[PDB]
$ cat protein.csv   # CSV, C-alpha atoms
chain,number,residue,atom,x,y,z
Z,1,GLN,CA,116.6,70.9,71.4
Z,2,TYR,CA,113.4,70.5,73.5
Z,3,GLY,CA,112.1,73.8,75.0
Z,4,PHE,CA,109.1,75.8,76.6
Z,5,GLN,CA,107.6,79.3,76.3
Z,6,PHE,CA,104.6,81.4,77.1
Z,7,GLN,CA,103.0,84.4,75.3
Z,8,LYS,CA,101.0,86.7,77.5
Z,9,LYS,CA,97.5,88.0,76.2
Z,10,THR,CA,94.8,90.4,77.3
Z,11,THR,CA,91.0,89.7,77.2
Z,12,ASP,CA,90.5,93.6,77.3
Z,13,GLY,CA,92.2,93.3,73.8
Z,14,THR,CA,94.4,95.9,75.7
Z,15,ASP,CA,97.9,95.7,74.2
Z,16,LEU,CA,99.8,96.7,77.5
Z,17,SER,CA,103.5,95.9,77.0
Z,18,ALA,CA,104.9,99.1,78.6
Z,19,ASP,CA,104.8,97.9,82.3
Z,20,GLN,CA,103.6,94.3,81.5
Z,21,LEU,CA,106.8,92.5,82.3
Z,22,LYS,CA,107.1,95.3,84.9
Z,23,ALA,CA,105.8,93.2,87.8
Z,24,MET,CA,104.8,90.2,85.6
Z,25,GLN,CA,106.2,86.9,87.1
Z,26,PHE,CA,105.9,83.3,85.9
Z,27,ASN,CA,107.2,80.3,87.9
Z,28,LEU,CA,108.1,77.0,86.2
Z,29,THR,CA,108.4,74.1,88.7
Z,30,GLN,CA,110.2,70.8,87.7
Z,31,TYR,CA,108.2,68.2,89.7
Z,32,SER,CA,109.9,65.0,90.8
Z,33,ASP,CA,107.0,62.5,90.3
Z,34,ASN,CA,103.9,62.5,88.1
Z,35,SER,CA,102.1,63.0,91.5
Z,36,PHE,CA,103.5,66.7,91.5
Z,37,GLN,CA,103.4,66.6,95.3
Z,38,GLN,CA,107.1,67.5,95.4
Z,39,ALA,CA,109.1,70.0,93.5
Z,40,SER,CA,112.7,69.3,92.8
Z,41,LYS,CA,113.7,72.6,90.9
Z,42,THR,CA,111.8,75.9,90.2
Z,43,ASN,CA,112.7,79.1,88.5
Z,44,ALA,CA,111.3,82.3,86.9
Z,45,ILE,CA,110.7,82.6,83.1
Z,46,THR,CA,109.6,85.7,81.0
Z,47,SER,CA,107.6,86.4,77.8
Z,48,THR,CA,110.8,86.6,75.7
Z,49,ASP,CA,112.5,83.7,77.4
Z,50,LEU,CA,112.8,80.1,75.9
Z,51,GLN,CA,114.1,77.4,78.2
Z,52,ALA,CA,115.4,73.9,77.3
Z,53,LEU,CA,113.6,71.2,79.2
Z,54,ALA,CA,114.9,67.6,79.7
Z,55,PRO,CA,112.0,65.1,79.9
Z,56,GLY,CA,110.3,65.5,83.3
Z,57,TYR,CA,107.1,66.5,85.2
Z,58,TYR,CA,106.4,70.3,85.2
Z,59,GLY,CA,104.0,73.0,86.2
Z,60,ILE,CA,103.6,76.5,84.8
Z,61,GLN,CA,102.0,79.2,86.9
Z,62,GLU,CA,101.8,83.0,87.2
Z,63,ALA,CA,102.8,84.4,90.6
Z,64,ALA,CA,102.6,88.0,89.5
Z,65,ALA,CA,100.4,89.3,86.6
Z,66,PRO,CA,101.2,92.8,85.2
Z,67,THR,CA,99.9,95.8,87.2
Z,68,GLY,CA,96.1,96.2,86.3
Z,69,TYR,CA,94.9,92.6,85.6
Z,70,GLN,CA,94.3,90.0,88.4
Z,71,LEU,CA,96.6,86.9,88.8
Z,72,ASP,CA,95.3,83.5,87.7
Z,73,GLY,CA,97.1,81.6,90.5
Z,74,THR,CA,96.5,78.4,88.5
Z,75,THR,CA,99.5,76.0,87.9
Z,76,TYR,CA,99.0,74.1,84.7
Z,77,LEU,CA,100.8,70.7,84.8
Z,78,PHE,CA,102.5,68.9,81.8
Z,79,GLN,CA,105.2,66.4,80.9
Z,80,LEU,CA,108.0,65.9,78.3
Z,81,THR,CA,109.1,62.2,77.8
Z,82,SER,CA,112.3,60.3,76.8
Z,83,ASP,CA,110.7,59.8,73.3
Z,84,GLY,CA,109.6,63.5,72.8
Z,85,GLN,CA,105.8,63.4,73.4
Z,86,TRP,CA,104.2,66.3,75.4
Z,87,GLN,CA,101.2,65.3,77.6
Z,88,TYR,CA,99.1,67.3,80.1
Z,89,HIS,CA,98.0,66.7,83.7
Z,90,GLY,CA,95.7,69.6,84.7
Z,91,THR,CA,96.2,71.8,87.8
Z,92,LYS,CA,97.3,71.4,91.5
Z,93,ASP,CA,93.5,71.7,92.2
Z,94,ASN,CA,92.8,68.5,90.2
Z,95,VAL,CA,95.7,66.4,88.8
Z,96,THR,CA,94.6,64.6,85.5
Z,97,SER,CA,95.8,61.1,84.3
Z,98,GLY,CA,97.8,63.0,81.6
Z,99,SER,CA,96.4,63.3,78.0
Z,100,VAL,CA,98.9,63.6,75.0
Z,101,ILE,CA,98.8,67.1,73.6
Z,102,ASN,CA,98.3,66.7,69.9
Z,103,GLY,CA,98.4,70.2,68.3
Z,104,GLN,CA,96.5,71.8,71.2
Z,105,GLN,CA,94.5,71.1,74.4
Z,106,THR,CA,92.3,74.0,75.3
Z,107,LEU,CA,92.9,75.0,79.0
Z,108,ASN,CA,91.0,76.7,81.8
Z,109,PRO,CA,89.6,80.0,80.3
Z,110,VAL,CA,89.4,83.5,81.9
Z,111,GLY,CA,86.3,85.2,80.4
Z,112,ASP,CA,85.6,84.9,76.6
Z,113,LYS,CA,89.3,84.2,75.9
Z,114,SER,CA,90.7,80.7,76.8
Z,115,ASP,CA,94.4,79.5,77.5
Z,116,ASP,CA,95.8,76.5,75.4
Z,117,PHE,CA,99.2,74.6,75.4
Z,118,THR,CA,100.1,74.7,71.6
Z,119,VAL,CA,102.9,72.6,70.2
Z,120,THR,CA,105.0,74.4,67.6
Z,121,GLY,CA,108.6,73.4,66.3
Z,122,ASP,CA,109.7,71.5,63.2
Z,123,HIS,CA,109.8,68.2,65.2
Z,124,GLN,CA,106.8,69.4,67.4
Z,125,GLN,CA,109.2,69.6,70.4
Z,126,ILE,CA,108.2,73.1,71.7
Z,127,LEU,CA,105.2,73.6,74.2
Z,128,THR,CA,103.9,77.2,74.2
Z,129,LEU,CA,101.0,78.0,76.7
Z,130,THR,CA,99.2,81.4,75.9
Z,131,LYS,CA,98.1,82.9,79.3
Z,132,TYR,CA,95.1,85.4,78.9
Z,133,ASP,CA,95.0,88.0,81.6
Z,134,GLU,CA,91.5,89.4,82.8
Z,135,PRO,CA,91.6,93.2,82.9
Z,136,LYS,CA,91.4,94.2,86.6
Z,137,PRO,CA,88.3,95.9,88.1
Z,138,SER,CA,87.9,99.6,87.0
Z,139,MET,CA,86.1,102.8,88.2
Z,140,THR,CA,84.1,105.5,86.2
Z,141,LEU,CA,83.9,109.1,87.4
Z,142,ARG,CA,81.0,111.3,86.3
Z,143,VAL,CA,80.3,115.0,86.9
Z,144,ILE,CA,77.1,117.1,86.9
Z,145,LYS,CA,77.3,120.9,86.8
Z,146,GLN,CA,74.6,122.5,88.9
Z,147,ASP,CA,74.1,126.2,89.8
Z,148,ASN,CA,72.7,127.7,93.1
Z,149,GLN,CA,69.2,127.4,91.5
Z,150,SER,CA,69.5,123.6,90.9
Z,151,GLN,CA,69.8,124.5,87.1
Z,152,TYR,CA,72.2,122.4,85.0
Z,153,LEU,CA,75.2,124.4,83.7
Z,154,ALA,CA,77.5,123.8,80.7
Z,155,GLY,CA,80.9,125.1,79.6
Z,156,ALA,CA,82.0,124.3,83.1
Z,157,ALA,CA,85.4,122.5,82.7
Z,158,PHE,CA,86.5,119.8,85.3
Z,159,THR,CA,90.1,118.5,84.7
Z,160,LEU,CA,91.1,115.0,85.5
Z,161,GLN,CA,94.8,115.1,86.5
Z,162,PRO,CA,96.1,111.6,86.8
Z,163,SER,CA,99.5,110.5,88.4
Z,164,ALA,CA,100.8,109.9,84.8
Z,165,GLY,CA,99.6,110.0,81.2
Z,166,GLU,CA,97.6,112.8,79.5
Z,167,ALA,CA,95.6,115.1,81.9
Z,168,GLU,CA,91.9,115.1,80.6
Z,169,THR,CA,89.5,118.0,80.6
Z,170,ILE,CA,85.7,117.4,80.1
Z,171,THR,CA,83.4,120.4,79.6
Z,172,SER,CA,80.2,119.8,81.7
Z,173,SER,CA,76.9,119.2,79.9
Z,174,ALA,CA,73.8,120.9,81.3
Z,175,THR,CA,72.3,117.3,81.6
Z,176,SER,CA,70.7,115.2,84.4
Z,177,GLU,CA,73.2,112.7,82.8
Z,178,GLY,CA,76.1,115.1,83.1
Z,179,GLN,CA,79.6,114.1,81.9
Z,180,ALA,CA,82.0,111.2,82.6
Z,181,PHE,CA,85.6,111.6,81.7
Z,182,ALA,CA,87.3,109.9,78.7
Z,183,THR,CA,89.7,108.2,81.1
Z,184,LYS,CA,88.3,105.3,83.3
Z,185,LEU,CA,89.8,105.2,86.8
Z,186,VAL,CA,92.6,102.6,87.3
Z,187,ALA,CA,93.0,100.4,90.5
Z,188,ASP,CA,96.0,101.5,92.7
Z,189,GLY,CA,96.1,104.8,90.6
Z,190,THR,CA,96.0,108.3,92.1
Z,191,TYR,CA,94.2,111.4,90.5
Z,192,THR,CA,93.2,115.1,91.0
Z,193,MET,CA,89.8,116.6,89.8
Z,194,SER,CA,89.5,120.5,89.9
Z,195,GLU,CA,87.1,122.9,88.1
Z,196,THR,CA,89.5,123.5,85.1
Z,197,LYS,CA,87.7,126.9,84.6
Z,198,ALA,CA,84.7,128.5,86.2
Z,199,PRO,CA,81.7,128.4,83.8
Z,200,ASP,CA,82.0,132.1,82.8
Z,201,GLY,CA,80.0,134.2,85.4
Z,202,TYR,CA,79.9,131.6,88.2
Z,203,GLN,CA,82.5,131.7,91.0
Z,204,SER,CA,85.6,129.5,90.6
Z,205,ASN,CA,85.9,126.5,92.9
Z,206,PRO,CA,89.6,126.4,93.9
Z,207,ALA,CA,89.4,123.2,96.0
Z,208,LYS,CA,90.9,120.1,94.4
Z,209,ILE,CA,89.3,116.5,94.5
Z,210,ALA,CA,91.8,113.8,95.4
Z,211,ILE,CA,90.8,110.2,94.3
Z,212,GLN,CA,93.0,107.1,95.1
Z,213,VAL,CA,92.0,103.6,93.9
Z,214,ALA,CA,92.7,100.5,96.1
Z,215,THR,CA,94.5,97.5,94.5
Z,216,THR,CA,91.0,95.9,94.8
Z,217,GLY,CA,89.6,98.3,92.0
Z,218,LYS,CA,86.5,99.4,94.0
Z,219,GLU,CA,87.9,102.0,96.5
Z,220,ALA,CA,86.7,105.3,97.8
Z,221,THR,CA,89.9,107.2,98.9
Z,222,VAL,CA,89.0,110.8,98.0
Z,223,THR,CA,90.1,114.0,99.9
Z,224,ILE,CA,89.3,117.3,98.1
Z,225,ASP,CA,91.3,120.3,99.6
Z,226,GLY,CA,92.4,118.9,103.1
Z,227,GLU,CA,89.9,116.2,104.2
Z,228,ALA,CA,87.7,113.3,103.0
Z,229,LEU,CA,83.9,112.5,103.4
Z,230,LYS,CA,81.4,109.7,103.5
Z,231,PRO,CA,79.0,109.8,100.5
Z,232,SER,CA,77.7,117.4,99.8
Z,233,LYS,CA,80.8,119.1,101.2
Z,234,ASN,CA,82.0,122.3,99.5
Z,235,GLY,CA,79.0,122.1,97.0
Z,236,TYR,CA,80.7,118.8,95.8
Z,237,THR,CA,78.4,115.7,95.9
Z,238,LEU,CA,79.7,112.1,95.5
Z,239,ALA,CA,77.3,109.2,94.5
Z,240,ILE,CA,78.4,105.6,94.2
Z,241,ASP,CA,76.4,103.1,92.1
Z,242,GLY,CA,79.2,100.4,92.2
Z,243,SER,CA,81.4,100.9,89.1
Z,244,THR,CA,80.9,104.7,89.1
Z,245,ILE,CA,81.7,107.5,91.6
Z,246,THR,CA,79.6,110.5,90.3
Z,247,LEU,CA,80.1,114.2,91.4
Z,248,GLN,CA,77.5,117.0,91.5
Z,249,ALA,CA,78.8,120.6,91.7
Z,250,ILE,CA,76.9,123.7,92.7
Z,251,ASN,CA,78.5,126.9,91.2
Z,252,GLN,CA,78.1,130.5,92.6
Z,253,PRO,CA,76.9,133.4,90.5
Z,254,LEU,CA,79.9,135.8,90.6
Z,255,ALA,CA,79.3,138.5,93.3
Z,256,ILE,CA,78.6,141.8,91.4
Z,257,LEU,CA,79.7,145.4,92.4
Z,258,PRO,CA,77.9,148.7,91.6

$ encode --input "protein.csv" --output "structure tokens"
Amino acid sequence: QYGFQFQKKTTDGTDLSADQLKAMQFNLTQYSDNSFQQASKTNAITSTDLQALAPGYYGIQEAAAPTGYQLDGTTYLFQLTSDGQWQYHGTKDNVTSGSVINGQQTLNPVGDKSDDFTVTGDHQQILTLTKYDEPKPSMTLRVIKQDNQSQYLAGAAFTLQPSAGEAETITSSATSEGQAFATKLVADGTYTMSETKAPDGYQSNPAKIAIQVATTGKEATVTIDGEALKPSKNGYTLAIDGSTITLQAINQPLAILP
């Protein structure tokens, strides 16, 4: 009994299923003519969902990809026929003549991975289109531990406290390189950086770094203690070389009493 389906896939290789169907949305339209100019019925359909189709003209599109991968607004067109053959007519960009889908027609690709309508089923009466999602733009946060004397310092913890998931503590290297955290910085995610511990005999820095990522995935929303700055306030320095916000921290030799 003729039906349709879509498995969702990640180029990152990232198996995100926790909050994938979270905001993931897929619209199937049932177009009236092969022209696809006019849409008679339309309705949502999910990863786990198989939906009977009478013969007709039809588009499949994503209107909401899961949080942290950008939408491919592309509507892929196809057709089921009175006989039982599945064809393929392209995108509402450029509407193809309609080529019978025998086994598979490769589709528009996102990165290395490429989408394809693939015809399973005993009587080959089941179209499944795999939609690859491209992992959304990401940030990298790197830290450089620096004393009063411009001398690199190590054993200086700096904790990355995210909104959710494991909080991460790097220990600073005494390197011009420094240290970047094990946890890349999500778009539309919110985080706190604080000196986890003073490096032994230097003064603690109590003030907390706030970093908020825009839905864009390059965003500069950061307000340590009370306020925010243009990229050294509070001995905290920020440097942006695109993908990476880097922080350089000057410690204070603990004030000593006779």

$ closest_residue --input "protein.csv" --among "Z:103, Z:226, Z:13, Z:231" --to "residue Z:118" --atoms "all atoms listed in the file"
Z:103

$ residues_near_point --input "protein.csv" --point "(80.0, 125.2, 82.2)" --cutoff "6 Å" --atoms "only C-alpha atoms" --output "PyMOL selection string"
chain Z and resi 153-156+172+199

$ residues_around --input "protein.csv" --residues "residue Z:238" --least-positions-apart "4" --cutoff "12 Å" --atoms "only C-alpha atoms" --output "PyMOL selection string"
chain Z and resi 141-144+209+211+220-224+228-234+244-249

$ residues_around --input "protein.csv" --residues "stretch 214-217 of chain Z" --least-positions-apart "3" --cutoff "6 Å" --atoms "only C-alpha atoms" --output "JSON, numbers by chain"
{"Z": [137, 138, 187, 188]}

$ residues_around --input "protein.csv" --residues "stretch 42-51 of chain Z" --least-positions-apart "4" --cutoff "9 Å" --atoms "all atoms listed in the file" --output "PyMOL selection string"
chain Z and resi 2-8+21+24-31

$ atom_distance --input "protein.csv" --atom1 "atom CA of residue Z:239" --atom2 "atom CA of residue Z:225"
18.6 Å

$ closest_atom_pairs --input "protein.csv" --of "stretch 115-202 of chain Z" --to "stretch 59-81 of chain Z" --cutoff "8 Å" --atoms "all atoms listed in the file" --output "JSON lines"
{"residue": "Z:133", "atom": "CA", "partner": "Z:69", "partner_atom": "CA", "distance": 6.1}
{"residue": "Z:134", "atom": "CA", "partner": "Z:69", "partner_atom": "CA", "distance": 5.4}
{"residue": "Z:135", "atom": "CA", "partner": "Z:69", "partner_atom": "CA", "distance": 4.3}
{"residue": "Z:136", "atom": "CA", "partner": "Z:69", "partner_atom": "CA", "distance": 4.0}
{"residue": "Z:137", "atom": "CA", "partner": "Z:69", "partner_atom": "CA", "distance": 7.8}
{"residue": "Z:186", "atom": "CA", "partner": "Z:68", "partner_atom": "CA", "distance": 7.4}
{"residue": "Z:187", "atom": "CA", "partner": "Z:68", "partner_atom": "CA", "distance": 6.7}

$ residues_near_point --input "protein.csv" --point "(89.1, 84.8, 78.6)" --cutoff "7 Å" --atoms "all atoms listed in the file" --output "PyMOL selection string"
chain Z and resi 11+109-114+132+134

$ closest_residue --input "protein.csv" --among "Z:176, Z:148, Z:205, Z:130" --to "residue Z:10" --atoms "all atoms listed in the file"
Z:130

$ atom_distance --input "protein.csv" --atom1 "atom CA of residue Z:160" --atom2 "atom CA of residue Z:179"
12.1 Å

$ closest_residue --input "protein.csv" --among "Z:162, Z:178, Z:235, Z:121" --to "residue Z:210" --atoms "only C-alpha atoms"
Z:162

$ decode --input "protein.csv" --residues "stretch 210-235 of chain Z" --atoms "N, CA and C atoms" --output "PDB file, in the first residue's frame"
ATOM      1  N   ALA Z 210      30.580  36.090  30.619  1.00  0.00           N
ATOM      2  CA  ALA Z 210      29.302  35.627  30.027  1.00  0.00           C
ATOM      3  C   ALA Z 210      29.439  35.630  28.499  1.00  0.00           C
ATOM      4  N   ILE Z 211      29.183  34.511  27.816  1.00  0.00           N
ATOM      5  CA  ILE Z 211      29.262  34.452  26.321  1.00  0.00           C
ATOM      6  C   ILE Z 211      27.980  33.813  25.766  1.00  0.00           C
ATOM      7  N   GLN Z 212      27.270  34.562  24.923  1.00  0.00           N
ATOM      8  CA  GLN Z 212      25.988  34.145  24.294  1.00  0.00           C
ATOM      9  C   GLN Z 212      26.221  34.068  22.784  1.00  0.00           C
ATOM     10  N   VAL Z 213      25.832  32.966  22.159  1.00  0.00           N
ATOM     11  CA  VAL Z 213      26.009  32.781  20.694  1.00  0.00           C
ATOM     12  C   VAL Z 213      24.682  33.137  20.004  1.00  0.00           C
ATOM     13  N   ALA Z 214      24.749  33.904  18.927  1.00  0.00           N
ATOM     14  CA  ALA Z 214      23.563  34.243  18.129  1.00  0.00           C
ATOM     15  C   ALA Z 214      23.206  32.994  17.328  1.00  0.00           C
ATOM     16  N   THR Z 215      21.960  32.937  16.833  1.00  0.00           N
ATOM     17  CA  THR Z 215      21.415  31.819  16.015  1.00  0.00           C
ATOM     18  C   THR Z 215      22.263  31.701  14.740  1.00  0.00           C
ATOM     19  N   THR Z 216      22.867  32.822  14.300  1.00  0.00           N
ATOM     20  CA  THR Z 216      23.877  32.943  13.203  1.00  0.00           C
ATOM     21  C   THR Z 216      25.018  31.935  13.397  1.00  0.00           C
ATOM     22  N   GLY Z 217      25.650  31.920  14.579  1.00  0.00           N
ATOM     23  CA  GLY Z 217      26.820  31.077  14.877  1.00  0.00           C
ATOM     24  C   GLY Z 217      28.137  31.835  14.767  1.00  0.00           C
ATOM     25  N   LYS Z 218      28.158  33.089  14.306  1.00  0.00           N
ATOM     26  CA  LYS Z 218      29.251  34.034  14.691  1.00  0.00           C
ATOM     27  C   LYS Z 218      28.592  35.196  15.433  1.00  0.00           C
ATOM     28  N   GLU Z 219      28.765  35.239  16.751  1.00  0.00           N
ATOM     29  CA  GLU Z 219      28.134  36.256  17.628  1.00  0.00           C
ATOM     30  C   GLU Z 219      29.042  36.479  18.839  1.00  0.00           C
ATOM     31  N   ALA Z 220      28.950  37.682  19.391  1.00  0.00           N
ATOM     32  CA  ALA Z 220      29.987  38.327  20.211  1.00  0.00           C
ATOM     33  C   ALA Z 220      29.323  38.854  21.484  1.00  0.00           C
ATOM     34  N   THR Z 221      28.296  38.153  21.974  1.00  0.00           N
ATOM     35  CA  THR Z 221      27.513  38.590  23.156  1.00  0.00           C
ATOM     36  C   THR Z 221      28.222  38.082  24.412  1.00  0.00           C
ATOM     37  N   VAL Z 222      29.023  38.936  25.062  1.00  0.00           N
ATOM     38  CA  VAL Z 222      29.875  38.539  26.222  1.00  0.00           C
ATOM     39  C   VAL Z 222      29.972  39.680  27.242  1.00  0.00           C
ATOM     40  N   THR Z 223      29.569  39.405  28.482  1.00  0.00           N
ATOM     41  CA  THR Z 223      29.409  40.424  29.551  1.00  0.00           C
ATOM     42  C   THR Z 223      29.907  39.852  30.877  1.00  0.00           C
ATOM     43  N   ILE Z 224      31.238  39.804  31.038  1.00  0.00           N
ATOM     44  CA  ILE Z 224      31.942  39.421  32.300  1.00  0.00           C
ATOM     45  C   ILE Z 224      31.564  40.411  33.411  1.00  0.00           C
ATOM     46  N   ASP Z 225      31.356  39.882  34.629  1.00  0.00           N
ATOM     47  CA  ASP Z 225      30.729  40.561  35.798  1.00  0.00           C
ATOM     48  C   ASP Z 225      29.442  41.253  35.302  1.00  0.00           C
ATOM     49  N   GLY Z 226      29.411  42.591  35.239  1.00  0.00           N
ATOM     50  CA  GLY Z 226      28.197  43.377  34.930  1.00  0.00           C
ATOM     51  C   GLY Z 226      28.021  43.671  33.446  1.00  0.00           C
ATOM     52  N   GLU Z 227      29.100  44.045  32.752  1.00  0.00           N
ATOM     53  CA  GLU Z 227      29.017  44.782  31.459  1.00  0.00           C
ATOM     54  C   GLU Z 227      29.815  44.076  30.356  1.00  0.00           C
ATOM     55  N   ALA Z 228      29.689  44.571  29.123  1.00  0.00           N
ATOM     56  CA  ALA Z 228      30.296  43.975  27.912  1.00  0.00           C
ATOM     57  C   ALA Z 228      31.219  44.993  27.244  1.00  0.00           C
ATOM     58  N   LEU Z 229      32.101  44.518  26.370  1.00  0.00           N
ATOM     59  CA  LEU Z 229      33.159  45.374  25.784  1.00  0.00           C
ATOM     60  C   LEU Z 229      33.360  45.035  24.310  1.00  0.00           C
ATOM     61  N   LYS Z 230      33.875  46.014  23.568  1.00  0.00           N
ATOM     62  CA  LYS Z 230      34.411  45.829  22.200  1.00  0.00           C
ATOM     63  C   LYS Z 230      35.822  45.250  22.303  1.00  0.00           C
ATOM     64  N   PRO Z 231      36.111  44.127  21.602  1.00  0.00           N
ATOM     65  CA  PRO Z 231      37.492  43.669  21.440  1.00  0.00           C
ATOM     66  C   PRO Z 231      38.220  44.575  20.444  1.00  0.00           C
ATOM     67  N   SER Z 232      41.237  45.104  26.757  1.00  0.00           N
ATOM     68  CA  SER Z 232      41.570  44.387  28.000  1.00  0.00           C
ATOM     69  C   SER Z 232      40.853  45.095  29.136  1.00  0.00           C
ATOM     70  N   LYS Z 233      39.690  44.588  29.520  1.00  0.00           N
ATOM     71  CA  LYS Z 233      38.987  45.078  30.725  1.00  0.00           C
ATOM     72  C   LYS Z 233      39.080  43.972  31.772  1.00  0.00           C
ATOM     73  N   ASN Z 234      39.540  44.362  32.975  1.00  0.00           N
ATOM     74  CA  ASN Z 234      39.618  43.471  34.155  1.00  0.00           C
ATOM     75  C   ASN Z 234      40.742  42.462  33.909  1.00  0.00           C
ATOM     76  N   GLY Z 235      41.772  42.860  33.140  1.00  0.00           N
ATOM     77  CA  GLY Z 235      42.944  42.014  32.804  1.00  0.00           C
ATOM     78  C   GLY Z 235      42.586  40.838  31.898  1.00  0.00           C
TER      79      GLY Z 235
END
